[PDB]
>>> print(open('upload_13.cif').read())   # mmCIF, N, CA and C atoms
data_input
loop_
_atom_site.label_atom_id
_atom_site.label_comp_id
_atom_site.auth_asym_id
_atom_site.auth_seq_id
_atom_site.Cartn_x
_atom_site.Cartn_y
_atom_site.Cartn_z
N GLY A 1 44.94 27.60 101.70
CA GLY A 1 45.38 28.96 102.08
C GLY A 1 44.34 30.01 101.74
N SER A 2 44.76 31.09 101.10
CA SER A 2 43.84 32.14 100.71
C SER A 2 43.61 32.12 99.20
N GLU A 3 44.56 31.53 98.48
CA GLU A 3 44.45 31.40 97.04
C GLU A 3 45.46 30.38 96.51
N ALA A 4 44.98 29.41 95.76
CA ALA A 4 45.86 28.47 95.09
C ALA A 4 46.13 28.96 93.68
N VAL A 5 47.29 28.60 93.14
CA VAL A 5 47.65 29.05 91.81
C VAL A 5 47.40 27.94 90.78
N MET A 6 46.93 28.33 89.60
CA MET A 6 46.41 27.39 88.61
C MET A 6 47.39 26.24 88.33
N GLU A 7 48.66 26.59 88.13
CA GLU A 7 49.69 25.64 87.75
C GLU A 7 49.74 24.42 88.67
N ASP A 8 49.78 24.67 89.98
CA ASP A 8 49.97 23.61 90.96
C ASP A 8 48.72 22.75 91.07
N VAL A 9 47.60 23.33 90.68
CA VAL A 9 46.33 22.63 90.71
C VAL A 9 46.17 21.76 89.47
N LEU A 10 46.69 22.27 88.36
CA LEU A 10 46.43 21.68 87.05
C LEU A 10 47.26 20.43 86.80
N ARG A 11 48.52 20.46 87.22
CA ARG A 11 49.45 19.38 86.92
C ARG A 11 49.01 18.03 87.53
N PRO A 12 48.63 17.98 88.82
CA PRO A 12 48.11 16.74 89.41
C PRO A 12 46.76 16.34 88.81
N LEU A 13 45.98 17.33 88.40
CA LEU A 13 44.64 17.09 87.86
C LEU A 13 44.74 16.35 86.53
N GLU A 14 45.55 16.87 85.61
CA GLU A 14 45.72 16.25 84.30
C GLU A 14 46.23 14.81 84.45
N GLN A 15 47.19 14.62 85.34
CA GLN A 15 47.82 13.32 85.54
C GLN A 15 46.83 12.33 86.15
N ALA A 16 45.81 12.85 86.82
CA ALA A 16 44.82 12.01 87.48
C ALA A 16 43.82 11.51 86.46
N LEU A 17 43.45 12.41 85.58
CA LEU A 17 42.60 12.10 84.45
C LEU A 17 43.34 11.16 83.50
N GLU A 18 44.64 11.38 83.33
CA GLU A 18 45.42 10.57 82.40
C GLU A 18 45.58 9.13 82.91
N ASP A 19 45.42 8.94 84.21
CA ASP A 19 45.40 7.59 84.77
C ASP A 19 44.12 6.88 84.35
N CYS A 20 43.08 7.66 84.09
CA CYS A 20 41.81 7.11 83.65
C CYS A 20 41.74 7.03 82.13
N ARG A 21 42.41 7.97 81.46
CA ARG A 21 42.45 8.01 80.00
C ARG A 21 43.08 6.74 79.40
N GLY A 22 43.72 5.92 80.24
CA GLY A 22 44.26 4.66 79.78
C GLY A 22 43.19 3.80 79.15
N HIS A 23 42.02 3.77 79.78
CA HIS A 23 40.86 3.16 79.16
C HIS A 23 39.97 4.26 78.59
N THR A 24 40.13 4.54 77.31
CA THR A 24 39.34 5.58 76.69
C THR A 24 38.01 5.03 76.15
N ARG A 25 37.66 3.82 76.55
CA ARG A 25 36.45 3.17 76.07
C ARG A 25 35.29 3.50 76.99
N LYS A 26 35.59 4.27 78.02
CA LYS A 26 34.61 4.63 79.03
C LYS A 26 34.20 6.10 78.89
N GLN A 27 34.43 6.69 77.70
CA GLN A 27 34.02 8.08 77.42
C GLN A 27 34.90 9.10 78.17
N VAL A 28 35.72 8.59 79.08
CA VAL A 28 36.41 9.41 80.08
C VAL A 28 37.23 10.54 79.48
N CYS A 29 37.76 10.35 78.28
CA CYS A 29 38.64 11.33 77.68
C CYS A 29 37.87 12.59 77.29
N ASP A 30 36.93 12.44 76.37
CA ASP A 30 36.18 13.58 75.84
C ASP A 30 35.48 14.35 76.95
N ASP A 31 34.92 13.63 77.91
CA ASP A 31 34.17 14.25 78.99
C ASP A 31 35.10 15.04 79.91
N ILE A 32 36.02 14.34 80.55
CA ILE A 32 36.85 14.94 81.59
C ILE A 32 37.86 15.92 81.00
N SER A 33 38.41 15.61 79.83
CA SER A 33 39.40 16.48 79.20
C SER A 33 38.75 17.80 78.78
N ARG A 34 37.49 17.73 78.39
CA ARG A 34 36.73 18.92 78.04
C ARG A 34 36.56 19.80 79.27
N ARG A 35 36.14 19.18 80.36
CA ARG A 35 35.89 19.90 81.59
C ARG A 35 37.20 20.34 82.23
N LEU A 36 38.28 19.65 81.87
CA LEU A 36 39.62 20.00 82.34
C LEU A 36 39.99 21.39 81.83
N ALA A 37 39.79 21.61 80.53
CA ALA A 37 40.09 22.88 79.90
C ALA A 37 39.09 23.95 80.31
N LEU A 38 37.88 23.53 80.63
CA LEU A 38 36.85 24.45 81.09
C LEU A 38 37.18 24.92 82.51
N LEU A 39 37.65 23.99 83.33
CA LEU A 39 38.06 24.28 84.70
C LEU A 39 39.15 25.35 84.72
N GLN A 40 40.17 25.15 83.89
CA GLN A 40 41.35 26.00 83.92
C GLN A 40 41.00 27.45 83.53
N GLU A 41 40.04 27.61 82.63
CA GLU A 41 39.68 28.94 82.14
C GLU A 41 38.65 29.60 83.06
N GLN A 42 37.91 28.79 83.81
CA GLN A 42 37.01 29.33 84.84
C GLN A 42 37.82 29.85 86.02
N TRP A 43 38.92 29.17 86.28
CA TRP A 43 39.84 29.55 87.35
C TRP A 43 40.53 30.87 87.01
N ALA A 44 40.88 31.03 85.74
CA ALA A 44 41.60 32.22 85.31
C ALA A 44 40.66 33.35 84.87
N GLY A 45 39.87 33.09 83.83
CA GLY A 45 39.01 34.11 83.27
C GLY A 45 37.64 34.15 83.91
N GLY A 46 37.23 33.02 84.47
CA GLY A 46 35.96 32.96 85.17
C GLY A 46 36.03 33.68 86.50
N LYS A 47 37.25 33.80 87.02
CA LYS A 47 37.51 34.51 88.26
C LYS A 47 36.67 33.93 89.39
N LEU A 48 36.76 32.61 89.54
CA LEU A 48 35.99 31.87 90.53
C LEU A 48 36.23 32.40 91.94
N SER A 49 35.20 32.30 92.77
CA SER A 49 35.22 32.85 94.12
C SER A 49 36.27 32.16 94.99
N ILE A 50 36.82 32.91 95.94
CA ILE A 50 37.97 32.48 96.73
C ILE A 50 37.79 31.09 97.37
N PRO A 51 36.70 30.87 98.15
CA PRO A 51 36.46 29.60 98.85
C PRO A 51 36.49 28.37 97.92
N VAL A 52 36.07 28.56 96.68
CA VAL A 52 36.02 27.45 95.72
C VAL A 52 37.43 26.98 95.37
N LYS A 53 38.33 27.93 95.14
CA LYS A 53 39.71 27.59 94.79
C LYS A 53 40.41 26.95 95.98
N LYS A 54 40.11 27.45 97.18
CA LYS A 54 40.70 26.94 98.41
C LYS A 54 40.35 25.48 98.63
N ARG A 55 39.05 25.20 98.66
CA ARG A 55 38.56 23.86 98.93
C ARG A 55 38.96 22.89 97.82
N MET A 56 39.08 23.39 96.60
CA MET A 56 39.50 22.54 95.49
C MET A 56 40.98 22.20 95.61
N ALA A 57 41.75 23.13 96.16
CA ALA A 57 43.17 22.90 96.39
C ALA A 57 43.38 21.76 97.38
N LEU A 58 42.40 21.57 98.27
CA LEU A 58 42.43 20.46 99.22
C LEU A 58 42.28 19.14 98.47
N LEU A 59 41.44 19.14 97.44
CA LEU A 59 41.27 17.98 96.58
C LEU A 59 42.62 17.58 96.00
N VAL A 60 43.41 18.58 95.63
CA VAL A 60 44.70 18.36 94.99
C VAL A 60 45.66 17.64 95.93
N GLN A 61 45.45 17.84 97.23
CA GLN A 61 46.30 17.24 98.24
C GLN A 61 46.00 15.76 98.39
N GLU A 62 44.73 15.41 98.25
CA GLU A 62 44.28 14.03 98.39
C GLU A 62 44.36 13.30 97.06
N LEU A 63 44.40 14.08 95.99
CA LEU A 63 44.41 13.57 94.62
C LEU A 63 45.71 12.84 94.30
N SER A 64 46.73 13.08 95.11
CA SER A 64 48.03 12.49 94.88
C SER A 64 48.04 11.05 95.39
N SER A 65 47.00 10.73 96.14
CA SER A 65 46.81 9.39 96.66
C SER A 65 45.48 8.84 96.16
N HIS A 66 45.18 7.60 96.51
CA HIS A 66 43.93 6.97 96.08
C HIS A 66 42.81 7.31 97.04
N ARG A 67 42.65 8.60 97.31
CA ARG A 67 41.62 9.08 98.22
C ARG A 67 40.40 9.56 97.46
N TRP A 68 39.80 8.66 96.71
CA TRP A 68 38.63 8.98 95.89
C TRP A 68 37.43 9.24 96.78
N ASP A 69 37.35 8.51 97.88
CA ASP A 69 36.27 8.69 98.85
C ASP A 69 36.39 10.04 99.54
N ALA A 70 37.61 10.55 99.62
CA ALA A 70 37.86 11.84 100.25
C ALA A 70 37.58 12.97 99.28
N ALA A 71 37.76 12.69 97.99
CA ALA A 71 37.49 13.67 96.94
C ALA A 71 35.99 13.96 96.85
N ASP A 72 35.19 13.05 97.38
CA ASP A 72 33.74 13.22 97.39
C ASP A 72 33.33 14.25 98.43
N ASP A 73 34.14 14.38 99.48
CA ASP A 73 33.83 15.26 100.60
C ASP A 73 33.74 16.71 100.16
N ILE A 74 34.71 17.16 99.38
CA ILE A 74 34.73 18.54 98.93
C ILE A 74 33.56 18.85 98.01
N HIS A 75 33.06 17.82 97.32
CA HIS A 75 31.89 17.98 96.47
C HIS A 75 30.67 18.23 97.33
N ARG A 76 30.57 17.50 98.43
CA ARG A 76 29.47 17.67 99.37
C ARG A 76 29.53 19.06 100.00
N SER A 77 30.75 19.52 100.27
CA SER A 77 30.96 20.84 100.84
C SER A 77 30.61 21.96 99.85
N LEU A 78 31.00 21.79 98.59
CA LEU A 78 30.75 22.82 97.59
C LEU A 78 29.27 22.88 97.20
N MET A 79 28.62 21.73 97.16
CA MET A 79 27.22 21.65 96.74
C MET A 79 26.30 22.45 97.66
N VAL A 80 26.68 22.61 98.92
CA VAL A 80 25.83 23.32 99.87
C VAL A 80 26.15 24.81 99.89
N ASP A 81 27.43 25.15 99.75
CA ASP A 81 27.85 26.55 99.80
C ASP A 81 27.72 27.22 98.43
N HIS A 82 28.47 26.71 97.46
CA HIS A 82 28.56 27.35 96.15
C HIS A 82 28.26 26.34 95.05
N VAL A 83 27.04 25.82 95.04
CA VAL A 83 26.67 24.80 94.09
C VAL A 83 26.64 25.34 92.65
N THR A 84 25.90 26.42 92.43
CA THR A 84 25.63 26.90 91.08
C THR A 84 26.89 27.44 90.39
N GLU A 85 27.88 27.83 91.18
CA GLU A 85 29.12 28.36 90.63
C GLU A 85 29.95 27.25 90.00
N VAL A 86 29.84 26.04 90.53
CA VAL A 86 30.69 24.94 90.10
C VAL A 86 29.89 23.81 89.43
N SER A 87 28.62 24.07 89.15
CA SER A 87 27.70 23.03 88.68
C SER A 87 28.02 22.51 87.26
N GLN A 88 29.04 23.05 86.62
CA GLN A 88 29.32 22.68 85.24
C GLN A 88 30.39 21.60 85.14
N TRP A 89 31.56 21.87 85.68
CA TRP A 89 32.70 20.99 85.47
C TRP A 89 32.78 19.90 86.53
N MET A 90 32.05 20.08 87.63
CA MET A 90 32.10 19.14 88.75
C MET A 90 31.56 17.77 88.35
N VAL A 91 30.80 17.74 87.26
CA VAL A 91 30.23 16.49 86.76
C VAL A 91 31.33 15.52 86.35
N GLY A 92 32.34 16.04 85.67
CA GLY A 92 33.45 15.21 85.22
C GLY A 92 34.36 14.83 86.37
N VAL A 93 34.48 15.72 87.34
CA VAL A 93 35.29 15.46 88.52
C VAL A 93 34.72 14.29 89.31
N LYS A 94 33.42 14.35 89.59
CA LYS A 94 32.75 13.30 90.34
C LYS A 94 32.68 12.02 89.50
N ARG A 95 32.61 12.20 88.19
CA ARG A 95 32.61 11.07 87.27
C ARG A 95 33.93 10.34 87.34
N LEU A 96 35.02 11.10 87.46
CA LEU A 96 36.35 10.52 87.57
C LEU A 96 36.41 9.59 88.77
N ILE A 97 35.81 10.05 89.86
CA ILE A 97 35.76 9.28 91.10
C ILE A 97 35.02 7.97 90.89
N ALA A 98 33.86 8.06 90.25
CA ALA A 98 33.00 6.91 90.04
C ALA A 98 33.65 5.86 89.13
N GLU A 99 34.39 6.32 88.13
CA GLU A 99 35.00 5.42 87.16
C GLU A 99 36.25 4.76 87.74
N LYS A 100 36.96 5.49 88.61
CA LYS A 100 38.20 4.99 89.20
C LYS A 100 37.96 3.81 90.14
N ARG A 101 36.74 3.70 90.64
CA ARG A 101 36.37 2.59 91.52
C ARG A 101 36.57 1.26 90.79
N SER A 102 36.28 1.26 89.49
CA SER A 102 36.36 0.05 88.68
C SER A 102 37.80 -0.34 88.38
N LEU A 103 38.73 0.59 88.57
CA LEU A 103 40.14 0.33 88.26
C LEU A 103 40.78 -0.51 89.35
N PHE A 104 40.21 -0.45 90.54
CA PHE A 104 40.67 -1.26 91.66
C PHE A 104 40.42 -2.74 91.39
N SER A 105 39.45 -3.02 90.54
CA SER A 105 39.08 -4.39 90.23
C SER A 105 39.99 -4.96 89.14
N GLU A 106 40.83 -4.12 88.56
CA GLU A 106 41.75 -4.57 87.53
C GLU A 106 43.02 -5.12 88.16
N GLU A 107 43.11 -6.43 88.22
CA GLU A 107 44.27 -7.09 88.78
C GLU A 107 45.28 -7.39 87.69
N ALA A 108 46.53 -7.14 88.00
CA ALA A 108 47.61 -7.39 87.06
C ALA A 108 48.43 -8.59 87.53
N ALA A 109 47.72 -9.65 87.89
CA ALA A 109 48.35 -10.84 88.45
C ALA A 109 48.43 -11.94 87.40
N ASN A 110 48.69 -11.56 86.16
CA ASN A 110 48.78 -12.52 85.07
C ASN A 110 50.22 -12.60 84.58
N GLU A 111 51.16 -12.29 85.46
CA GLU A 111 52.56 -12.29 85.08
C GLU A 111 53.15 -13.69 85.18
N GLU A 112 52.93 -14.47 84.13
CA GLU A 112 53.45 -15.83 84.03
C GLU A 112 52.98 -16.70 85.20
N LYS A 113 51.70 -17.03 85.18
CA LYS A 113 51.13 -17.86 86.23
C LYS A 113 51.07 -19.32 85.76
N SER A 114 51.50 -20.22 86.63
CA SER A 114 51.51 -21.64 86.30
C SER A 114 50.40 -22.36 87.06
N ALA A 115 49.89 -21.71 88.10
CA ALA A 115 48.82 -22.28 88.91
C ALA A 115 47.88 -21.19 89.39
N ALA A 116 47.48 -20.33 88.46
CA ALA A 116 46.56 -19.21 88.76
C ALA A 116 47.15 -18.29 89.83
N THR A 117 46.30 -17.46 90.42
CA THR A 117 46.73 -16.57 91.48
C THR A 117 47.02 -17.34 92.77
N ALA A 118 46.25 -18.38 93.03
CA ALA A 118 46.42 -19.18 94.24
C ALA A 118 45.93 -20.60 94.03
N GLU A 119 46.66 -21.34 93.20
CA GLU A 119 46.37 -22.75 92.90
C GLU A 119 45.10 -22.89 92.05
N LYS A 120 45.10 -23.89 91.17
CA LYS A 120 43.96 -24.15 90.31
C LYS A 120 43.85 -25.64 90.01
N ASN A 121 42.64 -26.16 90.12
CA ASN A 121 42.38 -27.56 89.86
C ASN A 121 41.49 -27.71 88.64
N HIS A 122 41.66 -28.80 87.92
CA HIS A 122 40.87 -29.05 86.72
C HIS A 122 39.99 -30.28 86.93
N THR A 123 38.69 -30.11 86.75
CA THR A 123 37.75 -31.21 86.90
C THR A 123 37.69 -32.02 85.60
N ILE A 124 38.19 -31.42 84.53
CA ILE A 124 38.25 -32.09 83.24
C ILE A 124 39.60 -32.79 83.08
N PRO A 125 39.59 -34.12 82.91
CA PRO A 125 40.82 -34.90 82.79
C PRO A 125 41.32 -34.97 81.35
N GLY A 126 40.55 -34.39 80.44
CA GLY A 126 40.89 -34.43 79.04
C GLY A 126 40.28 -35.64 78.36
N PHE A 127 40.59 -36.82 78.88
CA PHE A 127 40.05 -38.06 78.35
C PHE A 127 39.39 -38.85 79.46
N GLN A 128 38.38 -39.63 79.12
CA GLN A 128 37.65 -40.42 80.11
C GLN A 128 38.34 -41.75 80.36
N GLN A 129 39.61 -41.69 80.75
CA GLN A 129 40.37 -42.89 81.05
C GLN A 129 40.00 -43.41 82.43
N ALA A 130 40.07 -42.53 83.41
CA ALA A 130 39.71 -42.88 84.78
C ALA A 130 38.66 -41.91 85.30
N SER A 131 37.40 -42.28 85.15
CA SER A 131 36.30 -41.45 85.61
C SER A 131 35.15 -42.33 86.08
#
>>> encode(input="upload_13.cif", output="structure tokens")
Amino acid sequence: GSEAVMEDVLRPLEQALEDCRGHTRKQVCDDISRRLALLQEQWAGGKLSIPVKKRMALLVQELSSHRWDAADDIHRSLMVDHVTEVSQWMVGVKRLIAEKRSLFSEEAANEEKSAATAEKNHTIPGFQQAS
């Protein structure tokens, strides 16, 4: 629109970071949470320019889904128009995107498996009875 309000932007943002904060072994907490609080005060007291809040609000729309590749688009858009205005906190935002890629590789298919995810054979017979 013409202006997004901090509240509606912040709630999905925190929850998105908190999906990553599950693994705090990737630095993700201190980095992104720091920039999270920096973002909110730049929005309020920093009095960020209108187009920046607008385009970032679009991120919030895609942020509710696994549209990490789409979240990159607004970064490309901001970098050309208003790069220096957002050059501080955008590092953690783009970092969130990069780290979330690895979460797709985390399979939770270990719920009582008797034959792996899709059958499993053993070349080791235990004892050399018939070999």
>>> closest_atom_pairs(input="upload_13.cif", of="range 72-92 of chain A", to="range 51-61 of chain A", cutoff="8 Å", atoms="all atoms listed in the file", output="JSON lines")
{"residue": "A:72", "atom": "N", "partner": "A:59", "partner_atom": "CA", "distance": 7.9}
{"residue": "A:74", "atom": "CA", "partner": "A:55", "partner_atom": "C", "distance": 6.2}
{"residue": "A:75", "atom": "N", "partner": "A:55", "partner_atom": "C", "distance": 7.8}
{"residue": "A:78", "atom": "CA", "partner": "A:52", "partner_atom": "CA", "distance": 7.3}
{"residue": "A:82", "atom": "CA", "partner": "A:52", "partner_atom": "CA", "distance": 7.5}
>>> closest_residue(input="upload_13.cif", among="A:103, A:66, A:114, A:49", to="residue 81 in chain A", atoms="only C-alpha atoms")
A:49
>>> select_by_dssp(input="upload_13.cif", residues="chain A", states="helix (DSSP H, G or I)", output="VMD selection string")
chain A and resid 6 to 20 24 to 26 28 to 44 50 to 62 68 to 81 83 to 86 90 to 105
>>> atom_distance(input="upload_13.cif", atom1="CA of residue 19 in chain A", atom2="CA of residue 104 in chain A")
12.2 Å
>>> residues_around(input="upload_13.cif", residues="residue 93 in chain A", least_positions_apart="2", cutoff="12 Å", atoms="only C-alpha atoms", output="VMD selection string")
chain A and resid 13 to 14 16 to 17 20 28 31 to 36 38 to 39 56 59 to 60 63 68 71 to 72 74 to 75 86 to 91 95 to 100
>>> axis_aligned_box(input="upload_13.cif", around="range 71-88 of chain A", padding_each_side="5 Å", output="AutoDock Vina command-line options")
--center_x 31.7 --center_y 20.5 --center_z 93.0 --size_x 22.1 --size_y 25.7 --size_z 25.7
>>> atom_distance(input="upload_13.cif", atom1="atom N of residue 108 in chain A", atom2="CA of residue 62 in chain A")
23.7 Å
>>> closest_residue(input="upload_13.cif", among="A:94, A:126, A:47, A:84", to="residue 69 in chain A", atoms="only C-alpha atoms")
A:94
>>> resolve_selection(input="upload_13.cif", expression="the PyMOL selection byres (((chain A and resi 6 and name CA) around 10) and name CA)", output="VMD selection string")
chain A and resid 3 to 5 7 to 11 39 to 41 43 to 44 53 57
>>> closest_residue(input="upload_13.cif", among="A:26, A:106, A:85, A:120", to="residue 46 in chain A", atoms="only C-alpha atoms")
A:85
>>> atom_distance(input="upload_13.cif", atom1="atom N of residue 115 in chain A", atom2="atom C of residue 129 in chain A")
24.5 Å
